[PDB]
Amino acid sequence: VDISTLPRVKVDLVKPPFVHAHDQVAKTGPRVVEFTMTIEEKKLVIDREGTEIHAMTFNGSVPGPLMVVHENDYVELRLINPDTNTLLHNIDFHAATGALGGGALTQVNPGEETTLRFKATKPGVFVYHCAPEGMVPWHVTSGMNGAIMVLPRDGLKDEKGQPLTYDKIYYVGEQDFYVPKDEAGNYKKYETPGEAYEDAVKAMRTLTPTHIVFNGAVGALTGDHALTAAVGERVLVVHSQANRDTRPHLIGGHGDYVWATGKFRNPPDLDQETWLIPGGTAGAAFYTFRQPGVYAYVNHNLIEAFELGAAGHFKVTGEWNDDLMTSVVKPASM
């Protein structure tokens, strides 16, 4: 086909955990979907202690924004590396075929930009990440990763082939950071990216993250930024981890339908308590809320969740169902 004959649509991305507007069932034929991302290297405070790192981001956030297209759309990404940055960057889409997912074609020095197009031939949620030759894990584990969702053109389906339609979608990007520690166990600090590199590699080689966070920081998806829903709403949570395994769990709920490894031609796993998203993968879980109140959404290595940062909240509005759960005798001495 002459791709120039296809419709074009532009999307300005939104900051995670929110997701740009889209339609589950495709309302048009195949399109070229145009996205622009601007790389930003920036300081970020990642914990309650005030630990500040030099993050490497797509569009200013950790994770980068969720892109949404349909199967056999074309993705056309304009990637900009402003001259205010220091490092070389590129992008690898796990959704794409060829050229190291695009990384071989998108190397941009500060002051440069590029435009890549690929055909989204497989439905699913997929990781994207920076991957400069020779320095790949340093960029990924500095926050330079996100995800793309390639919906089937007829939307999602259950294990029987019947439609599943979400009312709300959220994108939780989970980030392992490796802040270098000294003999005493104290975090070390660095003056330039080049002076940081060897100790960054040493810290990564421990295979022991210092922080594991959702949306870029301890507690980011809590408080005024808790996720929200109403009783009876159907919610899809897309979860990615570009480098390390995770095991999501909704405390007080389930994954009613889960694509743990994220690929929608497969039937979902039903009624999951907890599911394994391998490092380098995006997964998706669908749940219909049945009770109001606070939920915690966690990586169910509970050390990772409650000590290292991999925990967020939902605040759910609505009616309490005493058939489903009740306190028969409240805590008391007798």
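Heads up: residue numbers just count along the shown sequence, starting at 1. C-alpha atoms forming the largest set that superposes within 1.5 Å between two forms make up the rigid core.
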query: More shifted region, core-based fit in 7 other deposited structures of this protein, 198 to 206 vs 97 to 105 by CA; finding: 97 to 105
query: Core-aligned Cα RMS comparison in 7 other deposited structures of this protein - stretch that moves more, 145 to 153 or 183 to 191; finding: 183 to 191
query: Mean Cα B-factor comparison, 155 to 163 or 77 to 85, giving the higher one as deposited; finding: 155 to 163
query: Of 5 to 13 and 306 to 314, the one with larger mean CA B-factor; finding: 5 to 13
query: Out of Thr288, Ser61, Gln272, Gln291, residue topping the C-alpha B-factor column of the entry; finding: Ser61
query: Top Cα B factor in the deposited entry, candidates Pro248, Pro123, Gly223, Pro209; finding: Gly223
query: Ranked against its chain, the third holding the CA B-factor of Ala200; finding: highest
query: B-factor third for the C-alpha atom of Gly185 within its chain; finding: highest
query: Chain thirds of CA B-factor: placement of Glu113; finding: middle
query: Chain third (lowest, middle, highest) by recorded CA B-factor, residue given as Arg31; finding: middle
query: Where the record places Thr261 (Cα B-factor, split into thirds across the chain); finding: lowest
